[PDB]
Amino acid sequence: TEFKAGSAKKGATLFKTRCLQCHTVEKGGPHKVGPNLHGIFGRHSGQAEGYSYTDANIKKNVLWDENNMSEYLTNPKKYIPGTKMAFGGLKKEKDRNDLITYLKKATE
Ligand code: HEC
């Protein structure tokens with residue numbers, strides 16, 4: 001199906017009230033609870049510096065796409081976390097679309 005993008009243009013504030021709990025997108029920002037996400041799309045599944053998490057499912061030599069990330073940002077946990085905690089849907093569908101886009105443009 002289509003991916004929609006920059007609709008509410010709240011994504012960057014959604015992040016601040018969703019992801020900021022656990023992560024940053026600042027330039028090599030602090031690995032607060034999970035790692036920083038700077039250029040996470042243009043990286044792979046967790047070639048984060050520093051934060052040597054377990055991330056077996058994550059790794060599976062995977063790339064991060066707006067889709068793949070949106071899925072990881074959609075389902076309430078279940079994505080084999082182990083590590084600790086995943087949360088899923090921000091609150092709405094269009095929010096996820098917004099978020100992914102903003103966090104795309106933020107660092108890709
Ligand atoms: C703390 C409760 C978290 C919240 C809220 C968010 N994330 Fe997260 N993320 C968290 C952990 C512990 C992990 C490792 C695997 C697991 O589910 O336990 C992750 C993983 C990611 C990843 C992939 C691997 C990485 O290098 O980080 C990404 C790309 C990611 N998380 C993004 C992300 C975003 C954008 C969030 C806000 C919507 C977000 N996470 C919330 C813990 C937590």
# chains A, B, ... in the order shown; residues from 1 in each chain; ligands from 1
>>> residues_around(residues="residue 46 in chain A", least_positions_apart="6", cutoff="8 Å", atoms="only C-alpha atoms", output="PyMOL selection string")
chain A and resi 40+55+58-59
>>> closest_atom_pairs(of="chain A", to="ligand 1", cutoff="6 Å", atoms="only C-alpha atoms and all ligand atoms", output="Markdown table")
| residue | atom | partner | partner_atom_place_in_ligand_line | distance |
| --- | --- | --- | --- | --- |
| A:15 | CA | ligand 1 | 37 (C) | 5.4 |
| A:18 | CA | ligand 1 | 37 (C) | 4.8 |
| A:19 | CA | ligand 1 | 37 (C) | 3.2 |
| A:21 | CA | ligand 1 | 5 (C) | 5.5 |
| A:22 | CA | ligand 1 | 1 (C) | 4.2 |
| A:34 | CA | ligand 1 | 11 (C) | 4.8 |
| A:35 | CA | ligand 1 | 27 (O) | 5.1 |
| A:45 | CA | ligand 1 | 24 (C) | 5.6 |
| A:46 | CA | ligand 1 | 26 (O) | 3.8 |
| A:48 | CA | ligand 1 | 26 (O) | 5.6 |
| A:55 | CA | ligand 1 | 15 (C) | 5.9 |
| A:69 | CA | ligand 1 | 29 (C) | 6.0 |
| A:73 | CA | ligand 1 | 38 (C) | 5.5 |
| A:81 | CA | ligand 1 | 18 (O) | 3.7 |
| A:82 | CA | ligand 1 | 18 (O) | 5.7 |
| A:83 | CA | ligand 1 | 18 (O) | 4.4 |
| A:84 | CA | ligand 1 | 18 (O) | 4.8 |
| A:85 | CA | ligand 1 | 18 (O) | 4.7 |
| A:86 | CA | ligand 1 | 17 (O) | 4.4 |
| A:87 | CA | ligand 1 | 5 (C) | 5.6 |
>>> residues_around(residues="residue 100 in chain A", least_positions_apart="3", cutoff="9 Å", atoms="only C-alpha atoms", output="PyMOL selection string")
chain A and resi 5-6+11+66-67+69-70+73+95-97+103-105
>>> atom_distance(atom1="CA of residue 72 in chain A", atom2="CA of residue 51 in chain A")
18.8 Å
>>> select_by_dssp(residues="chain A", states="helix (DSSP H, G or I)", output="NGL selection string")
:A and (11-16 or 56-59 or 66-72 or 93-107)
>>> write_last_selection(atoms="N, CA, C and O atoms", output="compact mmCIF listing (two decimals), in the first residue's frame")
# COMPACT_ATOMS: atom_id res chain seq x y z
N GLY A 11 5.44 14.86 13.62
CA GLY A 11 6.40 13.78 13.79
C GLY A 11 7.58 14.13 14.71
O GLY A 11 7.92 13.36 15.60
N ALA A 12 8.19 15.30 14.52
CA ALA A 12 9.38 15.67 15.28
C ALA A 12 9.07 15.98 16.75
O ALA A 12 9.96 16.09 17.59
N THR A 13 7.80 16.21 17.08
CA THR A 13 7.30 16.44 18.42
C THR A 13 6.65 15.17 18.96
O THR A 13 6.74 14.89 20.16
N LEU A 14 6.06 14.37 18.07
CA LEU A 14 5.67 13.03 18.40
C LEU A 14 6.90 12.33 18.98
O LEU A 14 6.86 11.86 20.11
N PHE A 15 8.01 12.35 18.25
CA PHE A 15 9.28 11.76 18.69
C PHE A 15 9.63 12.20 20.11
O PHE A 15 9.86 11.38 21.00
N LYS A 16 9.61 13.52 20.32
CA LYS A 16 9.91 14.12 21.61
C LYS A 16 9.00 13.63 22.75
O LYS A 16 9.34 13.82 23.91
N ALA A 56 19.38 -9.74 18.30
CA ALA A 56 19.55 -10.84 17.36
C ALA A 56 18.57 -10.71 16.19
O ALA A 56 18.96 -10.75 15.03
N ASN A 57 17.27 -10.56 16.52
CA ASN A 57 16.20 -10.40 15.54
C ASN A 57 16.45 -9.16 14.69
O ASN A 57 16.35 -9.20 13.47
N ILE A 58 16.76 -8.07 15.39
CA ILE A 58 17.11 -6.78 14.82
C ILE A 58 18.19 -6.99 13.77
O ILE A 58 17.98 -6.62 12.61
N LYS A 59 19.33 -7.57 14.17
CA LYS A 59 20.50 -7.68 13.31
C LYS A 59 20.14 -8.35 11.99
O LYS A 59 20.02 -7.63 11.00
N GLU A 66 11.79 3.27 5.91
CA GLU A 66 10.64 3.92 6.49
C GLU A 66 9.53 2.90 6.81
O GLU A 66 8.96 2.92 7.89
N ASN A 67 9.30 1.96 5.89
CA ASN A 67 8.40 0.84 6.11
C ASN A 67 8.84 -0.01 7.31
O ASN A 67 8.08 -0.12 8.28
N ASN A 68 10.03 -0.61 7.26
CA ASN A 68 10.50 -1.54 8.29
C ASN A 68 10.40 -0.88 9.66
O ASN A 68 9.84 -1.43 10.61
N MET A 69 10.89 0.36 9.74
CA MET A 69 10.79 1.14 10.96
C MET A 69 9.33 1.34 11.37
O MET A 69 8.98 1.07 12.51
N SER A 70 8.46 1.79 10.46
CA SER A 70 7.04 1.93 10.74
C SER A 70 6.44 0.66 11.31
O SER A 70 5.67 0.74 12.28
N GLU A 71 6.78 -0.50 10.77
CA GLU A 71 6.33 -1.76 11.36
C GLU A 71 6.83 -1.86 12.80
O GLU A 71 6.02 -2.01 13.72
N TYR A 72 8.13 -1.69 13.03
CA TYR A 72 8.71 -1.69 14.38
C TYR A 72 8.07 -0.63 15.32
O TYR A 72 8.06 -0.80 16.54
N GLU A 93 -2.42 6.09 13.20
CA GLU A 93 -1.82 5.62 11.95
C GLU A 93 -1.12 6.78 11.24
O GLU A 93 0.04 6.71 10.84
N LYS A 94 -1.85 7.88 11.06
CA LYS A 94 -1.25 9.04 10.41
C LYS A 94 -0.07 9.58 11.22
O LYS A 94 0.88 10.09 10.63
N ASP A 95 -0.09 9.41 12.55
CA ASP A 95 1.02 9.79 13.41
C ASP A 95 2.25 9.01 13.01
O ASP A 95 3.31 9.61 12.83
N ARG A 96 2.16 7.68 12.90
CA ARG A 96 3.31 6.89 12.48
C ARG A 96 3.85 7.37 11.15
O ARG A 96 5.05 7.62 11.03
N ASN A 97 2.97 7.57 10.18
CA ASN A 97 3.37 8.08 8.88
C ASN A 97 4.17 9.38 9.07
O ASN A 97 5.31 9.49 8.62
N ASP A 98 3.60 10.32 9.82
CA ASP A 98 4.23 11.59 10.15
C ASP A 98 5.61 11.40 10.78
O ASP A 98 6.61 11.96 10.31
N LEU A 99 5.67 10.61 11.86
CA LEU A 99 6.86 10.34 12.64
C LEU A 99 7.96 9.84 11.71
O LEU A 99 9.00 10.49 11.59
N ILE A 100 7.71 8.71 11.04
CA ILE A 100 8.68 8.11 10.15
C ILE A 100 9.21 9.16 9.19
O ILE A 100 10.42 9.28 9.04
N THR A 101 8.33 9.93 8.57
CA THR A 101 8.80 10.94 7.65
C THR A 101 9.71 11.96 8.32
O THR A 101 10.75 12.33 7.78
N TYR A 102 9.31 12.46 9.49
CA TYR A 102 10.07 13.51 10.14
C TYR A 102 11.44 12.97 10.54
O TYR A 102 12.45 13.65 10.35
N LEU A 103 11.49 11.75 11.06
CA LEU A 103 12.70 11.12 11.52
C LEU A 103 13.56 10.66 10.35
O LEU A 103 14.78 10.69 10.44
N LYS A 104 12.93 10.32 9.22
CA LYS A 104 13.62 10.23 7.95
C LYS A 104 14.35 11.55 7.72
O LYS A 104 15.57 11.60 7.83
N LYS A 105 13.60 12.62 7.46
CA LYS A 105 14.20 13.86 7.00
C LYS A 105 15.20 14.41 8.01
O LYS A 105 16.20 15.01 7.62
N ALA A 106 14.93 14.21 9.30
CA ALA A 106 15.80 14.62 10.39
C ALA A 106 17.24 14.21 10.15
O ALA A 106 18.14 15.03 10.34
N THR A 107 17.48 12.94 9.78
CA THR A 107 18.84 12.40 9.72
C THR A 107 19.21 11.64 8.44
O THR A 107 20.36 11.22 8.30
>>> closest_residue(among="A:78, A:27, A:62, A:7", to="residue 41 in chain A", atoms="only C-alpha atoms")
A:62
>>> closest_residue(among="A:80, A:47, A:108, A:92", to="residue 10 in chain A", atoms="only C-alpha atoms")
A:92
